[PDB]
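Residue numbers (the authors' numbering), protein chains in the order written: chain W, 2 to 121; chain L, 2 to 216; chain N, 2 to 51; chain Z, 2 to 122; chain A, 3 to 115. Notes for the one structure printed next.
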Amino acid sequence: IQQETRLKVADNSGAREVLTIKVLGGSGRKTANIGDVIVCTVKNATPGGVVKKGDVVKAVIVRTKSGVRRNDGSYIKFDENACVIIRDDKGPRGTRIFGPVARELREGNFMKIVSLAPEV
Amino acid sequence: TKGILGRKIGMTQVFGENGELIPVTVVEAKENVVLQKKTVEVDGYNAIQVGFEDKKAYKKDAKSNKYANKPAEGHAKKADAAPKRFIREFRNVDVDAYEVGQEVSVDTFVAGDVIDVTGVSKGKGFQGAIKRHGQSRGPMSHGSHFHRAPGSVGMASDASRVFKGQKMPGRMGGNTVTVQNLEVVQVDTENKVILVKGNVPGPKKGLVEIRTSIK
Amino acid sequence: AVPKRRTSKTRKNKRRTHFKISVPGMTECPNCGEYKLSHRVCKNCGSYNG
Amino acid sequence: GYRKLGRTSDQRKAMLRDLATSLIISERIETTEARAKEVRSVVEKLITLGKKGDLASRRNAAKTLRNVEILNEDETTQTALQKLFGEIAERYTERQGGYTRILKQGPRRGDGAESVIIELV
Amino acid sequence: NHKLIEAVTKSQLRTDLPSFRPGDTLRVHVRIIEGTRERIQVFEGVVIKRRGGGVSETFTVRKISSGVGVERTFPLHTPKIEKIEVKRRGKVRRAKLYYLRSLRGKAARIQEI
RNA sequence: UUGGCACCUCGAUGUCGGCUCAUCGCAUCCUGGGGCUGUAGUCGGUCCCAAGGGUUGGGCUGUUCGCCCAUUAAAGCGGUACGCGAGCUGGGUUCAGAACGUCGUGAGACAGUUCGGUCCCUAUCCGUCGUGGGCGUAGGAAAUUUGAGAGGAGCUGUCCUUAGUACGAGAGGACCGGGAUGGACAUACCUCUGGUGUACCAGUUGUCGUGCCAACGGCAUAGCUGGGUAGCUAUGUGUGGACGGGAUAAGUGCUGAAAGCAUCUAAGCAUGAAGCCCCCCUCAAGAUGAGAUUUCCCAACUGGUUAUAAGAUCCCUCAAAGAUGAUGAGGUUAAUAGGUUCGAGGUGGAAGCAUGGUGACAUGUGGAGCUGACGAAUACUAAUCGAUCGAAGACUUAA
């Protein structure tokens, strides 16, 4: 969200917490929102998962404590930020997803996430 | 169509047809009248004066501008209309309005006329460089004594003077500002009100003039 | 800062053009007869009658 | 509030409670024009409460009014509340608001600050 | 409250939806215009706040889905909230239930009226 | 740049690197237009014209430089006292302390290295940014304006389509067009999401008070904590850089000879850039070249004077305005502010009483009671009475 924000990876990909490095899209952009691809490095992990700590990967912002406006005066505000570690295609790297995800992620091509998400 | 004059009531929100919430500004435009019709007999530029709000008739006490003085009353009788406040002048209209004063009804604006608004912006009294020009304020902790002053105000001793258009503290707001490419949400007759997508300049109770966008 | 050069007594009197003070804005009392200060109570004799 | 009186919130509120009590004790006082423009709006609402009369209307009066006793009742000792609910209220029970009036006197010496005589109508 | 603002914007006000109180448990039947069709994805949970007045009256529902609490803000008079059904009337002793945004378990319970 | 000189300054012109604020050049990093390729296409190379706008965030290091991580259309090179300390810092270098290595017999010194170490000034003139007064603009005014000029803006990616088309064995993959949608940045506003909200509501602790209980008040950052109205605000909500005409640069030419030919040039005729001039937005008639248009006032006495007219103020109530003045809204024939009666929104169920508990308490009476700035009505209070300023229209010449 901010290039120092510690996100909770809600994806079963070995990584647990990640630190934001750069918010892709724009020369000098400084804020990402739900459905925005961020470059981040893994700070914590689970023993025996493909994403080992100390590596730079890509993720998408799935939850946020500030939320989205949804174009018709309807606000959604999750309780804690979270990201899914993702590949160079708009598709997840893991196999499970934990917790809610936002519907404005479907406008992008993250249909595999919402397919895997437990609810939207 | 006929750019009219109005009074800024407030802001509200409406719901579209796909239910999209829409911020809207409410303007009242009652008692528009055309007071005079320029031609090339007068400076060579077609135009029409319209007066928006009416004053009282002539009086002898007459010490608060609510009572039309004699010159304005003459001018407003020469079109056969009550003395108006807020006389303004519209170009970019064909002279098909009458030199007489017919009511300039809001009904000329028809449900999706891209219109732009002009008004005097809200007044901020004597703001500083940060507020007035959005400059970056210096640090505040590490032994710093520079917080909100302007930066340096020129080069040292080559020019030896301060150029014009320097950004220094002074009086803010108040200027005439114009917002372009706004939309007409609805036109409510029986109140002479118009609803505009967004937010026009100036405070509430402030004069605003509407026009059809030149772009 | 310090004045680089003393102020000529012409520039002093030019700057002091607007330093004049204005009249008090007074009227004649319709009861006292003497002068009062408009919208104030007559110091000399009695009421305000407003 | 409308206008800060060159004081702080507790200090200004004490100022206004004192002025209001003194006004309804003396029924006319000479003060400064801004203090009067504020004591005006305070004592207006106090006498509205007095005109109401109910007990809650008495305990609300009893928080924005001081505790002085009026010795000069000719051996009687009214509190300010007893004064305000008997005499002031029964007096002004007809008119619908506007219970005082301010009269400018002129510039006080030592400030040049205008002096006013705020009194009960 | 300006009579002209109201006179304009008082057809937008829905008329049949019930009146709850901030602390009641609601079920909102929202609509979903994405895809090529609508559904009615009920959002349950406690009423954290009602706010404002007029056409601009919003409320907030809060539900803890799976270890994660989601809050949704809805304007009252949106035509998308098809209906609102009140399960159980809670007792809150205040207007804004913001302390519930930091409670997590059996501490975020509300009584019944 | 490293220098060379020693011309100004030793009765004093403050160093480097950052910050705030910029500004200018072009020897152009990006975007724009072209030529030539050893240019099949996507991408290049190298030249030419072009300065409109743009040209990132971090790690390390006092550092500039520099190396690296990650994006970017691009992460340009330079001047401005190596721009800017009466705008900021004091981290390095060059004040006193102390120590290491080392040179010195020694006091002590560095090729060095390390820990610590007072950064004063109320702006007179010019300059700059905002704002009033005077007079002028051949009568005295109110209002609306034109525009000579001057300032502002000017950026850009990505996805879909044409079209897997052209081009290529393949792999790959288009010009020129349309469309949608972002980044950054400008500007307007407060309906929404939020922040603030010290004369709003509620809870709660210690202590002193109103004689006691109950209910309140004072003090303790506003005692603290939970909310929040108007206003002010961004991180919130809208809008912007549209579409185009004219003259052009490098280039592309047509016609065309001097020079039977050819030849873009000599005469002539076009085309041709994010650039110039308009178009967009803003100030603008002190534009002394002081412009215009409409309406108002225009007598009485002696070359002329006078006051009064239209109108404007003084004084007063104010706020959408404000440092003050000015700007607007009003001054009783009156809704300008206060009060009053209604609401709006905010809080969250007042006091008293009845009931249940033995008691802390709970319930009903009752979405109650309170409520600063928001909307409306109401002359209850105060804008009283008065006073000042303000014209009688020069001179020629032609009609």
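Ideal placement from N, C-alpha and C gives every residue a C-beta, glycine not left out.
Can you find the residues in the same chain that come closer than 8 Å, C-beta to C-beta, to residue 90(Z), ignoring five residues on each side of it along the sequence? Within its own chain, the residues whose Cβ lies closer than 8 Å to the Cβ of residue 90(Z), once the five positions on either side in sequence are excluded, are 48, 51, 52, 54, listed in chain order.
Take the Cβ of residue 4(A) as the centre, count every other Cβ of all protein chains shown within 10 Å, and call the residue buried at 16 or more, exposed below. Exposed.
Going along chain N in order, which residues have a C-beta closer than 7 Å to the C-beta of residue 106(Z)? Those are 41, 42, listed as they occur along chain N.
Cβ atoms of residue 62(W) and residue 114(W): under 8 Å apart, would you say? By the CB criterion at 8 Å, residue 114(W) and residue 62(W) fall outside the cutoff.
Determine the extent of the alpha helix (DSSP H) in which residue 62(Z) is found, giving its start and end residues. Where residue 62(Z) is concerned, the enclosing alpha helix (DSSP H) stretches over 56-62.
Minimum length 3: unbroken beta strand (DSSP E) runs contained in the region 103-186 of chain L: If only uninterrupted beta strand (DSSP E) runs of at least 3 residues are considered, those enclosed by the region 103-186 of chain L are 116-121, 124-128, 171-174, 177-183.
Please report the straight-line C-alpha distance between residue 13(W) and residue 153(L), rounded to a whole angstrom. If you take the alpha carbons of residue 13(W) and residue 153(L), they lie about 54 Å apart.
Can you list the residues of chain L that residue 57(A) reaches, using a CB-CB cut of under 9 Å? Chain L residues near residue 57(A): 13, 14, 15, 16.
CB-CB under 8 Å to residue 105(Z), same chain, minus the five flanking residues each way: which ones, in chain order? Counting only Cβ-Cβ distances below 8 Å, and skipping sequence neighbours, we find 34, 115, 116, 117.
Those residues which DSSP pairs with residue 31(A) across a bridge: 44(A), per the DSSP bridge assignment.
Does any residue of chain W have a CB that is nearer than 8 Å to the CB of residue 40(A)? Contacts with chain W at 8 Å (Cβ-Cβ) do not include residue 40(A).
State buried or exposed for residue 37(L), treating a residue as buried only when at least 16 other CB atoms are found within 10 Å of its CB. The residue in question, residue 37(L), is buried, as its Cβ has 16 or more Cβ neighbours within 10 Å.
Helix, strand or coil: how does DSSP classify residue 89(L) here? It is a strand residue.
Run the CB neighbour count on residue 191(L), radius 10 Å, all protein chains shown included, and call it buried at 16 or more, exposed below. Burial call: exposed.
Out of 167(L), 215(L), 10(L), 40(L), which one is the CA nearest neighbour of residue 97(L)? If we check each option's Cα against that of residue 97(L), 40(L) comes out closest.
Is there a Cβ of chain L sitting closer than 8 Å to that of residue 74(W), yes or no? By this cut-off, residue 74(W) is an interface position.
Only counting runs of 3 or more residues, tell me where the beta strand (DSSP E) segments fall wholly within the region 19-54 of chain L, in order along the chain. Contiguous beta strand (DSSP E) elements confined to the region 19-54 of chain L occur at 22-29, 34-39, taking only those with 3 or more residues.
Using C-beta distances below 6 Å, list every residue in its chain close to residue 29(A), excluding the 5 sequence neighbours before and after it, in chain order. Within the same chain, residue 29(A) has close Cβ partners 44, 46, 87.
Got a sec: is the Cβ-Cβ distance from residue 22(L) to anything in chain W below 8 Å? So yes, residue 22(L) belongs to the interface.
Cβ closer than 7 Å: which chain A residues qualify as neighbours of residue 18(W)? By Cβ distance, chain A contributes nothing, its closest Cβ being about 16 Å from residue 18(W), past 7 Å.
Residue 100(W) to residue 63(A), Cα distance in whole Å? Approximately 18 Å, taken between the alpha carbons.
From 142(L), 78(L), 17(L), 42(L), residue whose alpha carbon lies closest to that of residue 35(L): The shortest C-alpha separation from residue 35(L) is found at 78(L).
Integer-rounded CB distance, given that residue 56(L) should sit under 8 Å from residue 69(L): About 4 Å separates the CB atoms of residue 69(L) and residue 56(L); that is less than 8 Å, so the two are in contact.
With burial defined as no fewer than 16 other Cβ atoms inside 10 Å of the residue's Cβ, what is the status of residue 19(N): buried or exposed? It is exposed - the Cβ of residue 19(N) has fewer than 16 other Cβ atoms within 10 Å.
Using a Cβ-Cβ cut-off of less than 7 Å, give me the residues of the region 111-124 of chain L that come near chain A, in sequence order. Answer in chain order: no residues at all.
Along the chain, where does the beta strand (DSSP E) that runs through residue 129(Z) open and close? Nothing about residue 129(Z) can be reported from this structure: the residues present for chain Z run from 2 to 122 only.
With DSSP collapsed to three states, give me the class of residue 29(N). If DSSP states are grouped into helix, strand and coil, residue 29(N) belongs with the strands.
Contacts of residue 75(A) in chain L (Cβ-Cβ under 7 Å): What residue 75(A) touches in chain L, judged by beta-carbon distance under 7 Å, is nothing: the nearest beta carbon there is about 11 Å away.
Could you check the C-alpha separation between residue 57(Z) and residue 22(Z) for me, to the nearest Å? Residue 57(Z) and residue 22(Z) have their alpha carbons spaced roughly 19 Å apart.
Would you call the region 33-51 of chain W and the region 4-24 of chain W touching, i.e. three or more CB-CB distances under 8 Å? By the Cβ rule, the region 33-51 of chain W counts as touching the region 4-24 of chain W, because three or more pairs are nearer than 8 Å.
Taking C-alpha atoms, which residue in 34(N), 30(N), 5(N), 38(N) lies nearest to residue 24(N)? Nearest of 34(N), 30(N), 5(N), 38(N) to residue 24(N), Cα basis: 38(N).
Check the Cβ of residue 77(W) against every Cβ in chain A and list those closer than 7 Å, keeping chain order. For residue 77(W), the neighbours in chain A by C-beta distance under 7 Å run, in chain order, 72, 74.
Thinking just about the alpha-carbon of each residue, which of 80(L), 64(L), 59(L) is nearest to the one in residue 71(L)? Comparing C-alpha distances from residue 71(L) to each of 80(L), 64(L), 59(L) shows the shortest one belongs to 59(L).
Where the beta strand (DSSP E) through residue 115(Z) begins and ends: Per DSSP, residue 115(Z) belongs to the beta strand (DSSP E) from 115-121.
How many angstroms separate the CA atom of residue 195(L) from the CA atom of residue 57(A)? Spanning the two alpha carbons is a distance of roughly 17 Å.
Beta-carbon spacing of residue 24(A), residue 99(A) below 8 Å: A contact, by the Cβ cut-off of 8 Å.
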